[PDB]
Amino acid sequence: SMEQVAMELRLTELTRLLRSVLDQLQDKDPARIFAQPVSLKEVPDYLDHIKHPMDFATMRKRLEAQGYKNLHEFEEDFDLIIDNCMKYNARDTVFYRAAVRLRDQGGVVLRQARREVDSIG
């Protein structure tokens with residue numbers, strides 16, 4: 001149907017926007033602390049601590065399969081990256097501090113993305 005196609009064009013355009021949002025968010029992590037999943041070889045207990053791990057590569061795979069239906073879903077995943085790190089790592093660590101910075105700097109980017117997704121519909 002033409003109705004199906006038009007929804008698919010909307011999903012594709014949301015996907016393009018979210019890829020530009022993702023690149024911008026990831027520039028706020030120059031140290032690449034959140035680039036990849038936590039290794040279960042190097043933190044074997046990780047899953048006793050954190051129930052839903054998240055990282056930028058995993059967000060990127062989901063994105064290329066057009067697996068984000070809206071901005072809310074994308075934001076949930078971004079927030080997991082941050083929130084997981086702040087629980088697992090103590091306040092005085094390079095990891096916790098990098099999450100605080102990503103959050104503060106990410107908030108600006110997401111403030112305008114929310115306006116662009118409403119705006120372009």
# chains A, B, ... in the order shown; residues from 1 in each chain; ligands from 1
>>> residues_around(residues="range 32-43 of chain A", least_positions_apart="2", cutoff="7 Å", atoms="only C-alpha atoms", output="PyMOL selection string")
chain A and resi 29-30+45-46+54-57
>>> closest_atom_pairs(of="range 38-77 of chain A", to="range 110-121 of chain A", cutoff="12 Å", atoms="only C-alpha atoms", output="Markdown table")
| residue | atom | partner | partner_atom | distance |
| --- | --- | --- | --- | --- |
| A:69 | CA | A:117 | CA | 11.8 |
| A:70 | CA | A:117 | CA | 8.7 |
| A:71 | CA | A:114 | CA | 7.3 |
| A:72 | CA | A:114 | CA | 9.1 |
| A:74 | CA | A:110 | CA | 10.3 |
| A:75 | CA | A:110 | CA | 8.2 |
| A:76 | CA | A:110 | CA | 11.8 |
>>> write_last_selection(atoms="N, CA, C and O atoms", output="compact mmCIF listing (two decimals), in the first residue's frame")
# COMPACT_ATOMS: atom_id res chain seq x y z
N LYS A 69 11.67 3.44 16.71
CA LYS A 69 10.38 3.91 16.14
C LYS A 69 10.17 5.38 16.42
O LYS A 69 9.53 6.06 15.63
N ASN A 70 10.73 5.88 17.52
CA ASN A 70 10.65 7.32 17.86
C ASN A 70 11.87 7.81 18.68
O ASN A 70 12.78 7.03 18.97
N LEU A 71 11.91 9.10 19.02
CA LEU A 71 13.03 9.66 19.75
C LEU A 71 13.05 9.16 21.16
O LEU A 71 14.14 8.97 21.71
N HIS A 72 11.88 8.95 21.75
CA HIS A 72 11.81 8.43 23.12
C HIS A 72 12.62 7.14 23.30
O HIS A 72 13.36 6.99 24.27
N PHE A 74 15.13 6.02 21.53
CA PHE A 74 16.53 6.35 21.37
C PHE A 74 17.08 6.97 22.66
O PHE A 74 18.12 6.54 23.14
N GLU A 75 16.36 7.93 23.20
CA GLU A 75 16.70 8.55 24.46
C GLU A 75 16.81 7.58 25.64
O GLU A 75 17.74 7.73 26.44
N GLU A 76 15.88 6.62 25.75
CA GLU A 76 15.95 5.56 26.74
C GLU A 76 17.30 4.81 26.73
O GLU A 76 17.87 4.57 27.79
>>> residues_around(residues="residue 102 in chain A", least_positions_apart="3", cutoff="9 Å", atoms="only C-alpha atoms", output="ChimeraX atom specification")
/A:25-26,28-29,82,97-99,105-107
>>> write_last_selection(atoms="N, CA, C and O atoms", output="PDB file, in the first residue's frame")
ATOM      1  N   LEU A  25      26.283  12.964  19.764  1.00  0.00           N
ATOM      2  CA  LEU A  25      26.369  12.521  21.180  1.00  0.00           C
ATOM      3  C   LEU A  25      27.703  11.838  21.420  1.00  0.00           C
ATOM      4  O   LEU A  25      28.342  12.040  22.440  1.00  0.00           O
ATOM      5  N   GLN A  26      28.151  11.080  20.442  1.00  0.00           N
ATOM      6  CA  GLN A  26      29.375  10.342  20.571  1.00  0.00           C
ATOM      7  C   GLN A  26      30.623  11.250  20.515  1.00  0.00           C
ATOM      8  O   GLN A  26      31.665  10.906  21.054  1.00  0.00           O
ATOM      9  N   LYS A  28      30.764  13.827  22.169  1.00  0.00           N
ATOM     10  CA  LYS A  28      30.882  14.236  23.553  1.00  0.00           C
ATOM     11  C   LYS A  28      31.571  13.219  24.469  1.00  0.00           C
ATOM     12  O   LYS A  28      31.590  13.407  25.722  1.00  0.00           O
ATOM     13  N   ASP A  29      32.112  12.166  23.852  1.00  0.00           N
ATOM     14  CA  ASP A  29      32.826  11.067  24.525  1.00  0.00           C
ATOM     15  C   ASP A  29      34.120  10.843  23.762  1.00  0.00           C
ATOM     16  O   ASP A  29      34.293   9.803  23.136  1.00  0.00           O
ATOM     17  N   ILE A  82      24.319   6.169  30.381  1.00  0.00           N
ATOM     18  CA  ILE A  82      24.717   7.087  31.430  1.00  0.00           C
ATOM     19  C   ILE A  82      24.409   6.488  32.785  1.00  0.00           C
ATOM     20  O   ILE A  82      25.268   6.472  33.703  1.00  0.00           O
ATOM     21  N   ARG A  97      32.691  10.404  35.926  1.00  0.00           N
ATOM     22  CA  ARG A  97      32.834  11.778  35.530  1.00  0.00           C
ATOM     23  C   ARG A  97      32.583  11.983  34.030  1.00  0.00           C
ATOM     24  O   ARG A  97      31.995  13.023  33.632  1.00  0.00           O
ATOM     25  N   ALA A  98      33.011  11.005  33.215  1.00  0.00           N
ATOM     26  CA  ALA A  98      32.747  11.017  31.776  1.00  0.00           C
ATOM     27  C   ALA A  98      31.229  10.866  31.492  1.00  0.00           C
ATOM     28  O   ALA A  98      30.702  11.514  30.585  1.00  0.00           O
ATOM     29  N   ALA A  99      30.509  10.125  32.336  1.00  0.00           N
ATOM     30  CA  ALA A  99      29.063  10.012  32.166  1.00  0.00           C
ATOM     31  C   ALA A  99      28.363  11.352  32.510  1.00  0.00           C
ATOM     32  O   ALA A  99      27.444  11.774  31.825  1.00  0.00           O
ATOM     33  N   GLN A 105      26.369  17.620  28.295  1.00  0.00           N
ATOM     34  CA  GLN A 105      26.565  17.958  26.902  1.00  0.00           C
ATOM     35  C   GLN A 105      25.573  17.294  25.944  1.00  0.00           C
ATOM     36  O   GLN A 105      25.240  17.869  24.905  1.00  0.00           O
ATOM     37  N   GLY A 106      25.121  16.084  26.276  1.00  0.00           N
ATOM     38  CA  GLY A 106      24.104  15.423  25.499  1.00  0.00           C
ATOM     39  C   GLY A 106      22.738  16.079  25.583  1.00  0.00           C
ATOM     40  O   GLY A 106      21.978  16.063  24.597  1.00  0.00           O
ATOM     41  N   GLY A 107      22.409  16.619  26.761  1.00  0.00           N
ATOM     42  CA  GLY A 107      21.125  17.300  26.994  1.00  0.00           C
ATOM     43  C   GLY A 107      20.818  18.448  26.028  1.00  0.00           C
ATOM     44  O   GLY A 107      19.647  18.662  25.660  1.00  0.00           O
TER      45      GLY A 107
END
>>> residues_around(residues="residue 60 in chain A", least_positions_apart="4", cutoff="8 Å", atoms="only C-alpha atoms", output="ChimeraX atom specification")
/A:19,22,56,64
>>> closest_residue(among="A:96, A:103, A:109, A:67", to="residue 14 in chain A", atoms="only C-alpha atoms")
A:67
>>> closest_residue(among="A:100, A:65, A:90, A:84", to="residue 12 in chain A", atoms="only C-alpha atoms")
A:65
>>> atom_distance(atom1="CA of residue 68 in chain A", atom2="CA of residue 18 in chain A")
8.5 Å
>>> atom_distance(atom1="CA of residue 4 in chain A", atom2="CA of residue 66 in chain A")
15.0 Å
>>> select_by_dssp(residues="chain A", states="alpha helix (DSSP H)", output="mmCIF file with C-alpha atoms, in the first residue's frame")
data_model
loop_
_atom_site.group_PDB
_atom_site.id
_atom_site.type_symbol
_atom_site.label_atom_id
_atom_site.label_comp_id
_atom_site.auth_asym_id
_atom_site.auth_seq_id
_atom_site.Cartn_x
_atom_site.Cartn_y
_atom_site.Cartn_z
ATOM 1 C CA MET A 2 0.949 3.585 -0.432
ATOM 2 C CA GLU A 3 0.070 4.160 3.294
ATOM 3 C CA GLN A 4 2.784 1.555 4.243
ATOM 4 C CA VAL A 5 5.359 3.170 1.988
ATOM 5 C CA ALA A 6 4.735 6.626 3.500
ATOM 6 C CA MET A 7 5.251 5.272 7.001
ATOM 7 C CA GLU A 8 8.447 3.623 5.796
ATOM 8 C CA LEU A 9 9.676 6.940 4.371
ATOM 9 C CA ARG A 10 8.938 8.558 7.814
ATOM 10 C CA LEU A 11 10.924 5.739 9.596
ATOM 11 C CA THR A 12 13.813 6.237 7.216
ATOM 12 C CA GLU A 13 13.905 9.973 7.737
ATOM 13 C CA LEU A 14 13.733 9.560 11.511
ATOM 14 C CA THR A 15 16.645 7.132 11.126
ATOM 15 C CA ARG A 16 18.717 9.715 9.276
ATOM 16 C CA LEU A 17 18.105 12.323 11.937
ATOM 17 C CA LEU A 18 18.913 9.846 14.762
ATOM 18 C CA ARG A 19 22.226 8.950 13.108
ATOM 19 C CA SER A 20 23.240 12.614 13.106
ATOM 20 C CA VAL A 21 22.052 12.882 16.759
ATOM 21 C CA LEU A 22 24.102 9.759 17.610
ATOM 22 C CA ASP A 23 27.295 11.120 15.967
ATOM 23 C CA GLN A 24 26.884 14.355 17.831
ATOM 24 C CA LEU A 25 26.369 12.521 21.180
ATOM 25 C CA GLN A 26 29.375 10.342 20.571
ATOM 26 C CA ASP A 27 31.643 13.398 19.939
ATOM 27 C CA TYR A 46 28.959 -7.014 35.212
ATOM 28 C CA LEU A 47 25.584 -8.605 34.682
ATOM 29 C CA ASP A 48 25.031 -9.197 38.416
ATOM 30 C CA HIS A 49 25.204 -5.400 38.670
ATOM 31 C CA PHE A 56 27.064 3.397 21.376
ATOM 32 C CA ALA A 57 27.945 0.470 19.065
ATOM 33 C CA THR A 58 24.812 -1.409 20.134
ATOM 34 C CA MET A 59 22.711 1.787 19.576
ATOM 35 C CA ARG A 60 24.339 2.056 16.139
ATOM 36 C CA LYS A 61 23.430 -1.550 15.161
ATOM 37 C CA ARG A 62 19.823 -0.971 16.262
ATOM 38 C CA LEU A 63 19.741 2.270 14.238
ATOM 39 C CA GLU A 64 20.962 0.680 10.999
ATOM 40 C CA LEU A 71 13.034 9.663 19.748
ATOM 41 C CA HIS A 72 11.805 8.429 23.116
ATOM 42 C CA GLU A 73 13.159 4.938 22.437
ATOM 43 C CA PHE A 74 16.534 6.348 21.374
ATOM 44 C CA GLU A 75 16.699 8.546 24.463
ATOM 45 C CA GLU A 76 15.954 5.558 26.743
ATOM 46 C CA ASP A 77 19.044 3.783 25.331
ATOM 47 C CA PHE A 78 21.186 6.899 25.673
ATOM 48 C CA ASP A 79 20.059 7.308 29.245
ATOM 49 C CA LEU A 80 20.931 3.617 30.015
ATOM 50 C CA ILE A 81 24.508 4.252 28.916
ATOM 51 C CA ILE A 82 24.717 7.087 31.430
ATOM 52 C CA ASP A 83 22.692 5.637 34.230
ATOM 53 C CA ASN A 84 24.455 2.218 34.116
ATOM 54 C CA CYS A 85 27.827 3.895 34.451
ATOM 55 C CA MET A 86 26.813 6.060 37.386
ATOM 56 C CA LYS A 87 25.613 3.030 39.323
ATOM 57 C CA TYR A 88 28.522 0.670 38.556
ATOM 58 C CA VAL A 94 37.122 8.802 35.399
ATOM 59 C CA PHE A 95 34.143 6.698 34.229
ATOM 60 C CA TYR A 96 31.492 8.354 36.413
ATOM 61 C CA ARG A 97 32.834 11.778 35.530
ATOM 62 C CA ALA A 98 32.747 11.017 31.776
ATOM 63 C CA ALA A 99 29.063 10.012 32.166
ATOM 64 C CA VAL A 100 28.215 13.280 33.975
ATOM 65 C CA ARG A 101 29.882 15.191 31.112
ATOM 66 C CA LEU A 102 28.111 13.187 28.418
ATOM 67 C CA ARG A 103 24.800 13.780 30.102
ATOM 68 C CA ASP A 104 25.248 17.576 30.438
ATOM 69 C CA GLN A 105 26.565 17.958 26.902
ATOM 70 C CA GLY A 106 24.104 15.423 25.499
ATOM 71 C CA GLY A 107 21.125 17.300 26.994
ATOM 72 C CA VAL A 108 21.767 20.323 24.705
ATOM 73 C CA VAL A 109 21.860 18.122 21.603
ATOM 74 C CA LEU A 110 18.641 16.296 22.681
ATOM 75 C CA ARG A 111 16.837 19.542 23.582
ATOM 76 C CA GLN A 112 16.995 20.577 19.905
ATOM 77 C CA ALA A 113 16.553 17.103 18.390
ATOM 78 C CA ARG A 114 13.169 16.921 20.243
ATOM 79 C CA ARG A 115 12.189 20.202 18.584
ATOM 80 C CA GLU A 116 13.427 18.902 15.118
ATOM 81 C CA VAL A 117 11.381 15.625 15.398
ATOM 82 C CA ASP A 118 8.149 17.461 16.439
ATOM 83 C CA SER A 119 8.849 20.167 13.829
ATOM 84 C CA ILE A 120 9.600 17.878 10.796
#
>>> decode(residues="range 39-51 of chain A", atoms="N, CA and C atoms", output="PDB file, in the first residue's frame")
ATOM      1  N   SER A  39      33.121  -5.416  28.452  1.00  0.00           N
ATOM      2  CA  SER A  39      33.590  -6.816  28.284  1.00  0.00           C
ATOM      3  C   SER A  39      33.313  -7.729  29.499  1.00  0.00           C
ATOM      4  N   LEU A  40      32.587  -8.819  29.279  1.00  0.00           N
ATOM      5  CA  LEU A  40      32.378  -9.822  30.314  1.00  0.00           C
ATOM      6  C   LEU A  40      33.593 -10.670  30.564  1.00  0.00           C
ATOM      7  N   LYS A  41      34.575 -10.621  29.677  1.00  0.00           N
ATOM      8  CA  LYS A  41      35.892 -11.147  29.992  1.00  0.00           C
ATOM      9  C   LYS A  41      36.626 -10.253  31.014  1.00  0.00           C
ATOM     10  N   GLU A  42      36.458  -8.937  30.988  1.00  0.00           N
ATOM     11  CA  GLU A  42      37.211  -8.038  31.912  1.00  0.00           C
ATOM     12  C   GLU A  42      36.451  -7.462  33.149  1.00  0.00           C
ATOM     13  N   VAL A  43      35.131  -7.670  33.158  1.00  0.00           N
ATOM     14  CA  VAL A  43      34.246  -7.359  34.288  1.00  0.00           C
ATOM     15  C   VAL A  43      33.282  -8.533  34.273  1.00  0.00           C
ATOM     16  N   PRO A  44      33.731  -9.682  34.842  1.00  0.00           N
ATOM     17  CA  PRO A  44      32.910 -10.893  34.663  1.00  0.00           C
ATOM     18  C   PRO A  44      31.621 -10.823  35.414  1.00  0.00           C
ATOM     19  N   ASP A  45      31.592 -10.059  36.517  1.00  0.00           N
ATOM     20  CA  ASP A  45      30.369  -9.875  37.348  1.00  0.00           C
ATOM     21  C   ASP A  45      29.376  -8.795  36.826  1.00  0.00           C
ATOM     22  N   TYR A  46      29.646  -8.252  35.631  1.00  0.00           N
ATOM     23  CA  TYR A  46      28.959  -7.014  35.212  1.00  0.00           C
ATOM     24  C   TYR A  46      27.456  -7.211  35.248  1.00  0.00           C
ATOM     25  N   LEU A  47      26.995  -8.364  34.797  1.00  0.00           N
ATOM     26  CA  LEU A  47      25.584  -8.605  34.682  1.00  0.00           C
ATOM     27  C   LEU A  47      24.895  -8.888  36.009  1.00  0.00           C
ATOM     28  N   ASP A  48      25.644  -9.161  37.080  1.00  0.00           N
ATOM     29  CA  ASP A  48      25.031  -9.197  38.416  1.00  0.00           C
ATOM     30  C   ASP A  48      24.659  -7.778  38.863  1.00  0.00           C
ATOM     31  N   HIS A  49      25.407  -6.796  38.351  1.00  0.00           N
ATOM     32  CA  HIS A  49      25.204  -5.400  38.670  1.00  0.00           C
ATOM     33  C   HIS A  49      24.248  -4.705  37.788  1.00  0.00           C
ATOM     34  N   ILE A  50      24.426  -4.867  36.495  1.00  0.00           N
ATOM     35  CA  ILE A  50      23.644  -4.083  35.528  1.00  0.00           C
ATOM     36  C   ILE A  50      22.776  -4.999  34.676  1.00  0.00           C
ATOM     37  N   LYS A  51      21.461  -4.798  34.745  1.00  0.00           N
ATOM     38  CA  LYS A  51      20.521  -5.645  34.046  1.00  0.00           C
ATOM     39  C   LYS A  51      20.343  -5.374  32.562  1.00  0.00           C
TER      40      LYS A  51
END
